[PDB]
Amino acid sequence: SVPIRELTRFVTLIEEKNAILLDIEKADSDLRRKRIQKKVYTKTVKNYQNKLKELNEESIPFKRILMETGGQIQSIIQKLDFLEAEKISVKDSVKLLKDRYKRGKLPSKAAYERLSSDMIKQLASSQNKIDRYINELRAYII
């Protein structure tokens, strides 16, 4: 069926996780714009990464109960896992593309601009689907 108790807890947990992940991006942005000392960066990120590890541990029992129902809830959670990983990959891809471009190792400015635009769209597309699937879980409760 649908375990309302576990789902109600899980929805709050994954919103908090999505929020911390976006705070990590904010730290990443502050770093490359040199608006934060790398002292405060590696400190704050290691602190955020501990909140994540602890939230991910706490979510384990609820997530297992939810995935063992199969069907649509299981499917949504699996996509959320995928989309989170995909957004991380795109993040590292843009950073690499930027280093490869400033070192003059790309064919052309037009190629760089098209690929980087592609990656920014993919970042928004991934985050869009994450928010949508979080809202689909929430709709079970609210």
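In this text, residue numbers run from 1 along the sequence as written.
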{"property": "Mean Cα B-factor comparison, 75 to 83 or 30 to 38, giving the higher one as deposited", "result": "30 to 38"}
{"property": "115 to 123 versus 18 to 26 - which carries the larger mean C-alpha B factor in the record", "result": "18 to 26"}
{"property": "Most elevated Cα B-factor in the entry, residues 106, 88, 66, 55", "result": "106"}
{"property": "Third of chain Cα B-factors occupied by residue 59", "result": "middle"}
{"property": "Chain-wide C-alpha B factor ranking for residue 1, given as lowest, middle or highest third", "result": "highest"}
{"property": "Residue 139, C-alpha B-factor rank within chain (lowest, middle or highest third)", "result": "middle"}
